[PDB]
Each structure stands twice: as C-alpha cells, then as structure tokens.
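Since the structure comes first, as structure tokens, the remarks are kept for the end.
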Amino acid sequence: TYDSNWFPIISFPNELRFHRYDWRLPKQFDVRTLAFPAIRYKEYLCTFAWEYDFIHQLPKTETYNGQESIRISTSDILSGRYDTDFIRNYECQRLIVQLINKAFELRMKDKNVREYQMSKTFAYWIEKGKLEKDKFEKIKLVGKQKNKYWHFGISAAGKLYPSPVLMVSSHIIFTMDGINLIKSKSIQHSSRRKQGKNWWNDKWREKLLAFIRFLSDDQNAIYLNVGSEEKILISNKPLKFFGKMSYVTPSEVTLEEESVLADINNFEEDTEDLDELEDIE
Amino acid sequence: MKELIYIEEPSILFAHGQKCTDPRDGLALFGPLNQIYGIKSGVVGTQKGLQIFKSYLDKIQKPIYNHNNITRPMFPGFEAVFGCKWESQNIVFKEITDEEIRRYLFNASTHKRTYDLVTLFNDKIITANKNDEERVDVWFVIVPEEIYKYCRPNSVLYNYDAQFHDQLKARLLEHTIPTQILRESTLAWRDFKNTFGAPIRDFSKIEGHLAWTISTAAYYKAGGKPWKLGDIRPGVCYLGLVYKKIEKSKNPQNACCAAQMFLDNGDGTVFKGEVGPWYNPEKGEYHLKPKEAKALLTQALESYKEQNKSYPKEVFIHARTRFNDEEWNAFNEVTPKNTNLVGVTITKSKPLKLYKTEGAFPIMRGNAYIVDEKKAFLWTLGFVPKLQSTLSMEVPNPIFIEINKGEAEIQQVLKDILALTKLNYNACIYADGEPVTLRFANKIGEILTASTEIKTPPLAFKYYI
Amino acid sequence: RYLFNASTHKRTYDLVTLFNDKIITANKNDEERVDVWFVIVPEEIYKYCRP
DNA sequence: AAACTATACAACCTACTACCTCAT
RNA sequence: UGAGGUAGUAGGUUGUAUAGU
C-alpha cells in the first residue's frame, strides 16, 4: 500500500458568488488586502462569501444589493457543464484554484505560524516553543542538528482536472537559533543537502503526516475559513493507492547503501563547491 | 481505490542474441554484440596527466570490485569484459606546455582564457590528426584542478560558452573527431586531497563503477555498439525533440530546436536544427513554424528511408512542453496516409510523492499511474529488484507523459518510453529519471548551439558525449 | 541515367560527387569506424567515361 | 472641419516554462 | 541527481496616448 501527497476535496461549496461592485471598488485598492480571497474579474468581484462582510474596510459595500450578485453552481464547474459567455470552464477552474490557494494561505496565517519565502511559492514551519515536548503523533517535526535548527515544511498548490485534489510539496527550513532565518539561501540549500542523508522516505512521510495533522483543527479535515459562513474541508487523509506487484523488504543495510549512493552522487559531480567550504571559515 | 498498472522491464539485446535487464551484469556475462579489434587512445595533457592516465588504465586492466556489487556490479577488467584490448603501450601523447598555460592564465579575462585554451586544444588535435602517420580513434584530454577551478565564470579572487567541453566538442564537430573529457579529480582521487584530507571525487568504493562508466564510454566512442533494444515494432521512429534555450548575447536567438531519432538501432541519427530567429520569446511557448516542421519531418523520413529502405508506419515525437495544432496540420500534410503521429510531452516538475505506507523501501521504478487514455504518470525512478537498491534519494519523483494530439494506446507509449529510458551511454547505469532521448537532449542542444560556424554536422552520435 | 549524357566531363563530375557525398554520408552517420574505404569502381565506368 | 466615445497596441497582475547552482 | 533559487512568461487584468464615424 502507498499513500500519496494529495488531499482531495471533501465537499466543494455550492455557491460561487460574483460581486459586481463596478464603481464601488476603489481602483487603488489592493485586492490582496481583503480577508477573503477575491479577484477583479472585469467589473465583478469573484468571491466565496456574502457581500455584506467587507463593511469593516469598504464603506461603500453597504449600498450594493443582493440580486446583482450572481451565483454559479460549482457542480457544472467541476464537471465542465458550466457554459456561459461570462466565464468559460477552464479559467473558472484557474480562478478557483487561485482562490483556494489564497484562502489556505490566509487561514494558516491566521493560526500564528512562521513563514519563509520561496521563489514562486511559500513554505511554512512551526516555530520553537509552540509545540510542547517536541513531539507530535510520536513523530519528530522540528529539531536540532550540529548547531543549526531545522524546521520541516510544506508547500501547497492545487489542481483539479483529474479530481478536486490539492498537492503538498514537502520542504525543510533552517535557522541558527530558532528565532531568525538564515541570511543566505545557499546556506539553507547546503544544510538541506547535509540533512538529506540524515533521514529517509519513511521519516519524510512521518513528518508530512505530522504537519498535516498539526495544521488541522478537527479530526478528519482542516477548517478553511474562506467565508464568514462557508468553509472548505480538505481531506487531511492522504490519497492512498496500491500496486498488484511489489518487492520483498530487505534489512536496514541497504538504507546505508542508499546513503552510500548519495555519497556516489557526491563523488560523481562537483561544481564550484570549494569556495563555500574553504571561505566559510 | 485505483490501481497502479506495472510495466515489465524491457530487456536489452546482448551478445549471442541474448538479453538481460542490467547492462553491467549481462555485459560482464555475454559482452558486446559486435566486437572491435581495439582502439588507440590519444591523451593530450602534461607529464603528470600522462602518468596518472597510464596508472589509471593499468589499474582498470586488473579486475576491481565495488563495496557491494548487487548495486554497483563487478569490473572484471577491460579485456575481460569487452574483448578489445587496451594497454599503456602504443598510446599517442601531445605535449601541453606550462608556458602556454601560464601565458594564457596570467590574463585576467576568464572568457578569453577559455577561448585561448579551446583554440590551443583544437589546433593541437588538428595537427595531430592531419599529419601524423599513426591513427587515433579516441582522445582523452586531461584538465587539472587549477584550470577547472580558475575557469569558473563566477570565481572571484562573447560568442562562446564559458564551460570547456561543450565548445571543445562544438568546434571539433566539423573534423569528425571523437574525444572524451576527463577531469583530473575524476581519475586521481587517490592524491586529490582537500583541506580535511578526503578525496573530493570520492570514487574509492566504486572504482569498479568508475571503470564501468569510462570503459562503456570508450567502447561507445570506439565504434562498437555496446547494446541494442529488445523489442521494436517495424515502422516507428522515436523523434525526441529538443528545445534547449540559446543565449548568444543580444542577437535574436529565439528557438534552436533539435532532435534525436530512433528507428531500428540504439544510436540516434541526430540532425541539426536551424539557428532559427523565429517565434519571439514573448511567444516563447516553443512551437514550430510549418516550414521547419516539414523540413524536420522530411529529414526524419529520408533518414528512415536511407537506413531501413522503407517507409515508417508510425512516428513518435517527444518534447517537454505541449504542442499546438497548426504544427500538426503542417505535419500531416506531408505524411503518407498510412502513418500515425504521436506527440508525447514529458514533465518532471509535477509534485507527486507516493510515500510508502509501511516498509523499508519506497515505490519501485516501473509502477505507472493512468489518469486518462491520453495522459498518464510513469515511474522511471526508484527501486528495482535486480539492483536491490533505489536509484533516487529520499523519495523519487515520476515523469508525467501526455499525448498532446494523435490517437494511440497509452500502454504502447508507456512501454516505448520505458524501453527508451534504458540506453544511457555516457553513464553506465541501469536506468535514469528522464528518457535517453531527453537526457541527451541538453547535451546535443548545448553542443549544436555553442558554435555558429557549424552548418551540416556529422549525424553520428559518437562526437557529442 | 548518367550514361546517356553528351559530354563525359559532367558525367565524371556527377559520378565523382555522388561517390564523395555517399562516402561523407556513410562515415558521418554510421557508428562503426571505417579506417579505409574501398571504392570498387566498375570496369566499364573506367573504360567508357575516359577523358 | 470637428462632436462622443470607442480603438491600438501594449505595460503589467497572479502563476507556468526553462538555465544556472550546491551538495550528499 | 533531486530539491531550492532567480529571470520572467502561459493568457486574461486595466493604464498609456491615440483616431473610427
């Protein structure tokens, strides 16, 4: 049996609500500042919640009426049945995955966990002291090696065309004291390559599962407060498959041989590694 | 809830008309299909390079073993595994003086340092091949530690690439001279010492594997085919298209697409693409103008006609990005009506890590995943029972195939890809992540897009890796 | 096809170029190294296409 | 010869393709 | 040989400086 890194949609919310504020939306207003995910699709605001929850920062929304706020059934969106000249199906799926990405980001930023900047995404980690006894589901998640503190991480980005699922890309973040991150990204990459041989796939799965269970709030899902009334449930259980044929498990010696093969990849290639070792001291 | 259909490992044909999965073990068992009678090695370097190359080849004359040879199999000796002889005698050497090296090195500009070194090496190879009454089939230049560490572009104390061997091969294309590049750190790990003491290229436990790789590369560059493929249906051509990006300064470089063609033999009948200033990188989706499309298709068709004396009943096209429809409309206008066009896009960046629920080893290589009838996930990476270890680190990642247009069985393209991904020649390994026509794609694009002076290169493959 | 040409000089040119680019194509694609190429010219070509 | 209110490319707002790096 | 790091484009948003009837 194998379990993947995917996390499907338990129950997709019914209503996709478009808010045609038109002249009620300031031009200089930043769309990212909203507590709910939204986009300025033409003169509409493609949202997931009601119209009257943005009155805290937008003092013009209260003049907007309900019946111009159109709704779209997401069953036809996921099935491809949705056929309207306003939005076609595929870019609707694209805006949907954009919305759920932003919603997950804001929900998990609301739980007060730290953040590290990647190139085209973001990876996240639990700071020291927040998790008691440094254990979660009998799995180590954030530890200490040599003198640098390593923090396990994830990176999520959805895609729905085979099924409404969400992937997670496992990362690991490093720091020297558990307070501030490493100044140089190359040192982080070096520590990642150093710690790669320290553990192996089973520990990767354990850390990933511990992270998923830690970011969850309920038992068999996570709670995405996409709207004030409507939430999104993510199957925290990873998607599991199986193969008809497989191998026979060997002893632990071949794990050491895999670490040896990591050292073979160390020997076979090298590219300006000498400066970062000689000039670091 | 959904199954992972497995594809059997295609066996490579060996000597005496027999087949085995692992190339190293079976090659030690049977040997090459067509033996050569031996080749002369021309080493170009210093006296230190001479003695270290002679010592290394004398070391690989005798049989040597790895730490555990289920994973990295035995090296019984070059004569004991290939048949063709190799000795320290009758080896031609060309003097590389320090005076030229020092006079070139004292210049501050690293790019012109690379320029003058490649000019010196090419000129010495030319004056070794144009007047010497002897004959050399394979050349083995040696680069010391200081040259490699000082020729780095960003080492701090325009028509050519900064790296060495790419433009050495590119300027050596026209004279049809095969050669191999060997770092000093590669074959001299015994005396290559860092600050700590350990060898940087720590080839100590796998000197058998190093001998395997070097000997297989030499036998490939000699002229004798190491292995072929087992099952090939008549009338199929694997055209793995390259789209390596070219950055030749400020001129419009655009697209420099190339291809490797597999019709009935393991070697790729590679035809060079155009310098090709079309399709402005604003539309950098790497499509094909129709006229170059029919040019490439006709090149492949007449290559098949000249090497098989028939018409190809099916065409395979491999790439990394997706395909349009106008290029296939231009394609089908020149194809015979009995042909079939298949365009398969291969990606790696898709995140999908099938973790193991319980056990001590991850998902094996070859367990494919089917999504639709046109696209699928194939695991060419991971565990294999023959080698009894994984080829990856942590958790492997699969490749995602996708038939863009054209109707085909997904199992057929899956088996074709799995058969294609087991012909890595420069590295003697059981299997790699990417297929061979894509693994060699970066190399062939780098070579063919390093010197603009090449117009019609040699279409044999031995002058590239 | 090349026989019935009027002047034998262009016949010599086209035949020589055909042999030349045949050899170039042969050694630029075939992986098997060929140290010496043996051009077996027919006797009637040497006889009837004299200068 | 000039009224209303659109065009003509065309810069730029979140994310999807490739080249160079670091290290086992 | 696989996971992080920078430039910036797949394809639709709305700011520049004109011109269709």
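Nothing in this text is a laboratory measurement; each read-out follows from the coordinates by a stated rule. Counting neighbours? That spans all protein chains shown, and the Cβs are built from the backbone with ideal geometry, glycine included.
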**Asked** Do the alpha carbons of any pairs in B:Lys48/B:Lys221; B:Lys59/B:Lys85; B:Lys149/B:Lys193; B:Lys244/B:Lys455; B:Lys59/B:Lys149; A:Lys144/A:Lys207 sit beyond 20 Å of each other, and which pairs?
**Response** B:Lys48/B:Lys221; B:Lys59/B:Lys149
**Asked** Using alpha carbons only, how many degrees (0 to 90, rounded to 10) separate the axis of helix A:89-109 from the longest principal axis of chain A?
**Response** 70
**Message:** In region A:252-281, whose amide N lies under 12 Å from the spot 7 Å out along Cα-to-Cβ of A:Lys185? List them in ranges.
**Reply:** none
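For region B:1-88, state which GluC sites (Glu not before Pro) are in a DSSP loop and have at most 12 other beta carbons lying within 10 Å of their beta carbon.
B:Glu8
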**Pairwise FRET efficiency - B:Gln253 versus B:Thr127, Cβ, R0 = 30 Å, nearest 0.05** = 0.35
**Message:** Out of all DSSP beta bridges in chain B, what portion is antiparallel? Express it as a percent rounded to 5.
**Reply:** 50
**Message:** Can you compute the label reach from A:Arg71? Point 7 Å from Cα along the Cβ direction, backbone N cut-off under 17 Å, restricted to region A:8-43.
**Reply:** A:12-20
**Request:** Please give every one of the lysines within straight-line cross-link reach of A:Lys148, meaning a C-alpha to C-alpha distance under 17 Å, and leave out same-chain neighbours fewer than 8 residues apart.
**Result:** A:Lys128, A:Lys140, A:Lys183, A:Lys185, A:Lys194, A:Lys197
**Fill in**
Here the gain from full extension of A:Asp177 to A:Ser228, 0.36 nm per residue of separation minus their alpha-carbon distance, amounts to 14.5 nm
**Request:** Would you mind checking B:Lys348/B:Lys443; B:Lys291/C:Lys10; A:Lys159/B:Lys375 for any pair whose Cα atoms are more than 27 angstrom apart?
**Result:** B:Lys291/C:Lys10
**Projected label distance in nm at B:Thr119 and B:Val156, using a 7 Å step from Cα toward the beta-carbon** = 2.8
**Asked** Under a 5 Å amide H to amide H cut-off, with H placed in plane at 1.01 Å, what residues pair with B:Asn367 once short-range neighbours are removed?
**Response** B:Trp379
**Asked** Relative to the longest principal axis of chain A, what angle (0 to 90°, nearest 10) does the C-alpha long axis of helix A:201-215 take?
**Response** 40
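GluC sites (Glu not before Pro) within region B:347-433: which are DSSP loop residues with at most 14 other Cβ atoms inside 10 Å?
Answer by residue number: B:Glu358, B:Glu373, B:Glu407, B:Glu409.
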**Request:** Take peptide A:195-207, look around each residue's Cβ out to 10 angstrom, count Cβ atoms belonging to other protein chains, and average those counts.
**Result:** 4
**Request:** For chain C, run through the GluC sites (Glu not before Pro) and keep only the ones in DSSP coil with at most 15 other Cβ atoms within 10 Å of their Cβ.
**Result:** C:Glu32
**Request:** Using only atoms on other chains, find how many Cβ atoms lie within 10 Å of each Cβ of peptide A:236-249 and report the average.
**Result:** 6
**Prompt:** Of all DSSP beta bridges located in the protein assembly as shown, what percent are antiparallel, nearest 5?
**Reply:** 70
**Request:** Decide, for region B:207-358, between rounded, prolate and oblate: order the square roots of the alpha carbon gyration tensor eigenvalues as a ≥ b ≥ c, take rounded if a/c falls under 1.5, and otherwise choose prolate if a/b is larger than b/c, else oblate.
**Result:** rounded
**Asked** Given a Förster distance of 22 angstrom, what is the FRET efficiency for A:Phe29 paired with A:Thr121, based on the Cβ-Cβ distance and rounded to 0.05?
**Response** 0.30
**Request:** Using just the helices of chain B, give the 222 nm mean residue ellipticity in deg cm²/dmol: DSSP H runs with n ≥ 4 each add -39,500 (n - 2.57), and the total is spread over all residues, rounded to 500.
**Result:** -9000 deg cm²/dmol
**Item:** Reachable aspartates and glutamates, given that their alpha-carbon falls under 13 Å from the alpha-carbon of B:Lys337 and they are not under 8 places away in the same chain
**Value:** B:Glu314
**Message:** Cβ neighbours within 10 Å, averaged per peptide: list A:169-175, A:113-119, B:210-216 in order, most packed at the top.
**Reply:** B:210-216, A:169-175, A:113-119
**Förster radius 30 Å - calculated FRET efficiency between B:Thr110 and A:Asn266 (Cβ-Cβ, nearest 0.05)** = 0.70
**Request:** Return, ordered by residue number, the residues of region B:324-366 whose backbone nitrogen is under 19 Å from a label point located 7 Å along Cα→Cβ of B:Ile5.
**Result:** B:342-346, B:364-366
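Plugging the Kirkwood radius over Cα pairs into Stokes-Einstein for chain B, at a temperature of 37 °C and a viscosity of 0.692 mPa s, what D comes out in µm²/s? Numbers along the way, then the final one.
Working: Rh = 23.9 Å.
Reported coefficient: 137 µm²/s.
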**Complete:** Any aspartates and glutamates whose Cα falls less than 14 Å from that of B:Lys62, other than same-chain ones fewer than 8 residues away, would be B:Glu79, B:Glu87, B:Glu207
**Prompt:** Given B:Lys248/B:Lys289; B:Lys356/B:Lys405; B:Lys225/B:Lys283, which pairs have Cα atoms separated by over 32 Å?
**Reply:** B:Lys356/B:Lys405; B:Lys225/B:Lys283
**Request:** Provide a whole-number value for the mean count of partner chain Cβ atoms within 10 Å of the Cβ atoms in peptide B:193-203.
**Result:** 3
**Request:** Given the options A:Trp200, A:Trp23, A:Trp50, state which has the largest fluctuation in a GNM of chain A using a 10 Å cut-off (strictly under) for Cα springs.
**Result:** A:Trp23
**Complete:** Residues whose modelled amide H sits under 5 Å from the amide H of A:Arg20, counting only those 5 or more places away in sequence or on another chain, are A:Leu45, A:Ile70
